[PDB]
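Structure below; questions to follow.
Using ideal geometry, Cβ is built from the backbone for each residue, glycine included, and neighbour counts are taken over all protein chains shown. Numbers and lists here come from the model and the stated rules, or from a named source; these are not laboratory values.
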Amino acid sequence: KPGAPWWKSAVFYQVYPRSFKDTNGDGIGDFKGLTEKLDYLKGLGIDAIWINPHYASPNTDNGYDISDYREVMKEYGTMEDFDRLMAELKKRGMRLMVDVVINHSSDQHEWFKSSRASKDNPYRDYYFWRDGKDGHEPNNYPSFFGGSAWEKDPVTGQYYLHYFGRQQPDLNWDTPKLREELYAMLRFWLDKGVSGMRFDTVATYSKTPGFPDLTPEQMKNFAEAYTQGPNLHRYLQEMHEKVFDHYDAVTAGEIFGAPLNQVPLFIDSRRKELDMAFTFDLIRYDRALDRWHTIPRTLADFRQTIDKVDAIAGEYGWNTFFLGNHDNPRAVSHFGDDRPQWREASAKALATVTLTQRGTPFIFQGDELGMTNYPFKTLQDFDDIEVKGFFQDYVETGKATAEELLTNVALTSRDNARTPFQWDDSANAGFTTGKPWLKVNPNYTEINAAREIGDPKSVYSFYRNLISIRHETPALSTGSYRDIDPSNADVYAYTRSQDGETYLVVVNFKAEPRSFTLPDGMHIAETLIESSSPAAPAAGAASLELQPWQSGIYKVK
Ligand SMILES: OC[C@H]1NC[C@H](O)[C@@H](O)[C@@H]1O
Ligand SMILES: [Ca+2]
């Protein structure tokens, strides 16, 4: 003692409700579906669930465009269903983390309908309204979802700001009354017993006074420029002081776009801002600036990025660790090898990495099954507004052909992570009895929960066993982290240590046999678990012979 907070040793599971489990045949997942599957998650060993936005929403961005912060999304159920989900999680000693989207609201939110009525409306300053310049928009800000970040509203002739979709106007945190409304809203959910909140694009809350144009340089990486608002930390510290200081909920911020060196300002516990951070340096380590092309990287880049992110946590900060989420391609497809002969092996290898990283691991729904990217055939197979945005910015402008967009976005699209969870091999993998909102991956015939749960050699069983091991081994949670050799592009090896106990994690990222020599003086003591291994090393081993994609966790001496 002091002991570590429950969130530092917990294993979280991210549920994208819309695609988890449908119970009424409309093809959309819902609260009753998630509730019916809590035993599944409890059995896997999950301590807490983070659910994507579940509030009233027109769904132009699947929940991230909120029209009423105190009502549940019609598609997911009623408040009664949300309350029941809460109660069932508690009966199982599980915690719930909800998504908080307060960088912007839906343009259907009552605040916006009011704001847009006139320049003198009491809600005018709840958003950003500005006069155009030189015949066009206020400045050159681009939107993440296509075109300008400024939309003209003829009702007043001014433009309103939207970093994301035109139906997601940005909230004006410079307005005290708006901040107070957001705080009351957070208390509304916190009073219901919510255990955590994940703050969507938490680094963009502060806008730059005067909205000057982005420089040519900033334009190439506008995501970073939007995180440089001068009042950001003041706002975060105020929110902590006014809200979180009065509850025992964990806060996690999605720091997208921010330079890694600034992350400590968000998570250093002494600053009283956020408890932990979701960074994207790793998950986007091979993504081009335009966000739809990929750039070839090696394990050397992968581990060096992890090393830099871990270092940033220092002694008072804390990181979450994830290899996938609802905005990125599937982990095994992105970091592993999803070819049939290597999918399971690499998926287990990635699981070992995830569950042995320093920080709070988040498992995205389906990754415990080894789900893969989807085989998109036409641009119409994508539902995502972001893909429509790339079409607008790159195809309609003649920068790329529709075929080039398809070829590339098929590998990076958010829709890859949004296909229905594959429960079994019944119609539409047991996700729905109706027509799914997004097509189920045809590989559900071999990749599904029912098939993996009863098989000791499945990806699921491996995740389950890793989660047990993590729970029983303190060092694998809060222990220190040290990369054995940052320049090695074949075998990822590192140690986790705490209170004199040290563990070695070794993962072969190559589809070929490789060798690993332990550091001078270090020797294998015991083997906790291995995947794709014919035999464990013998006690005292000073080196290991690795099979393709083999992974293992060992106690060393
Ligand atoms: O809200 C905008 C953007 N924020 C980040 C979320 O992960 C993503 O799904 C959403 O579209
Ligand atoms: Ca439904």
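Residue 475 - would you say it is of a type in the set (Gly, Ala, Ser), in the same structural domain as residue 25 (by CATH) and in contact with a strand residue (DSSP E or B) (Cβ under 9 Å, 6 or more places away or on another chain)?
Judged against the criteria, residue 475 is a match.
Would you point out which residue out of 396, 404, 446 is surrounded by fewer than 16 Cβ atoms within 10 Å (Cβ to Cβ), in contact with a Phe, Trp or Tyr (Cβ under 9 Å, 6 or more places away or on another chain) and free of Cβ contacts under 8 Å to residues at least 12 places away in the same chain?
Selected residue: 404, the only one of 396, 404, 446 that is surrounded by fewer than 16 Cβ atoms within 10 Å (Cβ to Cβ), in contact with a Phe, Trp or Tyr (Cβ under 9 Å, 6 or more places away or on another chain) and free of Cβ contacts under 8 Å to residues at least 12 places away in the same chain.
Mind telling me which of the residues 311, 300, 347 ends up being under 24 Å from residue 40 (Cα atoms) and part of a helix (DSSP H, G or I)?
347 is the lone residue from the list that is under 24 Å from residue 40 (Cα atoms) and part of a helix (DSSP H, G or I).
Which pairs turn up if I take residues in segment 100-113 that are among the acidic types (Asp, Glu) and look for partners that are within 14 Å of ligand 1 (Cβ to nearest atom) with beta carbon separation below 7 Å, at least 6 apart in sequence or on another chain?
Final answer for the pair search is 107/167; 107/169.
Based on this model, can you work out whether residue 400 counts as of a type in the set (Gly, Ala, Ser), over 25 Å from the mean Cα position of the chain (by Cα) and within 16 Å of ligand 2 (Cβ to nearest atom)?
Here the answer is no, as residue 400 does not meet what is asked.
Now for a different question. Report, by residue number, each residue of segment 1-24 that is among the basic types (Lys, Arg) and within 16 Å of ligand 1 (Cβ to nearest atom).
18 - this is the single residue of segment 1-24 that is among the basic types (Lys, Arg) and within 16 Å of ligand 1 (Cβ to nearest atom).
Additional query: Among the residues of segment 414-441, what is the count of those that are away from ligand 2 (no atom under 16 Å from the Cβ), in a loop (DSSP other than H, G, I, E, B) and over 16 Å from residue 15 (Cβ atoms)?
5
Just for helices (runs of 4 or more DSSP H) wholly inside segment 201-293: which have at least 2 residues that are crowded, with 18+ Cβ neighbours inside 10 Å and not hydroxyl-bearing (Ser, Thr, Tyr)?
The helices (runs of 4 or more DSSP H) meeting that bar are 222-225, 232-242, 264-267.
Mind listing whichever residues of segment 1-49 are aromatic (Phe, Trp, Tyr) and within 13 Å of ligand 2 (Cβ to nearest atom)?
20, 31, listed by residue number.
Can you pull out every residue in segment 64-85 that is more than 16 Å from ligand 2 (Cβ to nearest atom) and among the acidic types (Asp, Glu)?
65, 68, 71, 83
Are any residues in segment 25-38 touching a residue at least 24 places away in the same chain (Cβ under 8 Å) and more than 16 Å from ligand 1 (Cβ to nearest atom), and if so, which ones?
25, 26, 27, 28, 30, 31, 32, 34, 35, 38
Moving on. Residue 497 - would you say it is farther than 30 Å from residue 314 by Cα and not assigned by CATH to the domain that holds residue 337?
no
Those residues that are assigned to a strand (DSSP E or B), in contact with a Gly (Cβ under 8 Å, 6 or more places away or on another chain) and acidic (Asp, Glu), I need them from segment 52-107; list them, please.
Listed by number, the list holds a single entry, 99.
Hey, among the residues in segment 421-445 that are of a type in the set (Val, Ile, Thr) and over 24 Å from the mean Cα position of the chain (by Cα), which one's farthest from ligand 1 (Cβ to nearest atom)?
So, considering only residues that are of a type in the set (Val, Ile, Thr) and over 24 Å from the mean Cα position of the chain (by Cα), the one farthest from ligand 1 (Cβ to nearest atom) is 445.
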